[PDB]
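Engineer: In terms of this note's numbering, the sequence shown opens at residue 890 and continues consecutively.
Positions of the beta carbon are idealized from the N, C-alpha and C atoms, including for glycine.
Quick one: structure below, then a few questions.
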Amino acid sequence: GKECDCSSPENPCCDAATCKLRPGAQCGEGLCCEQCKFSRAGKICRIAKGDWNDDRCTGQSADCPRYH
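If you want it as structure tokens, here you go:
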């Protein structure tokens, strides 16, 4: 977006000075953002709405799209 990677100032994954991520982790907030680290693919970011495939995250992303 602009120059920020997180939305919380207390979050330990984004320099509060530049409201951006902290140069050490790889995600300040997302459906698949591990403790300051890019979650690994095969991450269930959300469950379908009945009975079928589920939502999985990649090995380099920190958010989750939609498929159900």
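Tell me which residue opens and which closes the beta strand (DSSP E) that residue 932 is part of.
Structural biologist: Sequence index remark: in the sequence shown, residue 932 carries index 43 (1-based). Its beta strand (DSSP E) spans residues 932 to 935.
Engineer: Roughly how many angstroms separate the alpha carbons of residue 945 and residue 927, rounded to a whole number?
Structural biologist: Counted from its first residue, the sequence shown places residue 945 at position 56. Counted from its first residue, the sequence shown places residue 927 at position 38. Roughly 13 Å separates the two Cα atoms.
Engineer: I believe residue 935 touches residue 922 by the beta-carbon criterion, under 8 Å. Please report the beta-carbon distance rounded to the nearest angstrom.
Structural biologist: As a first step, residue 935 must be located in the sequence shown, where it is residue number 46. As a first step, residue 922 must be located in the sequence shown, where it is residue number 33. Actually they do not touch by this definition, with Cβ atoms about 14 Å apart.
Engineer: Based on DSSP bridge pairs, tell me the residues matched to residue 910.
Structural biologist: What you label residue 910 is simply residue 21 of the sequence shown in a count that begins at 1. Answer by DSSP bridge pairing, in chain order: 903.
Engineer: Note down, in chain order, each residue of its chain lying with its Cβ closer than 6 Å to the Cβ of residue 957, except the 5 sequence neighbours on either side.
Structural biologist: For the purposes of this step, residue 957 is identified with residue 68 of the sequence shown, where counting begins at 1. Cβ within range, chain order: 937, 938.
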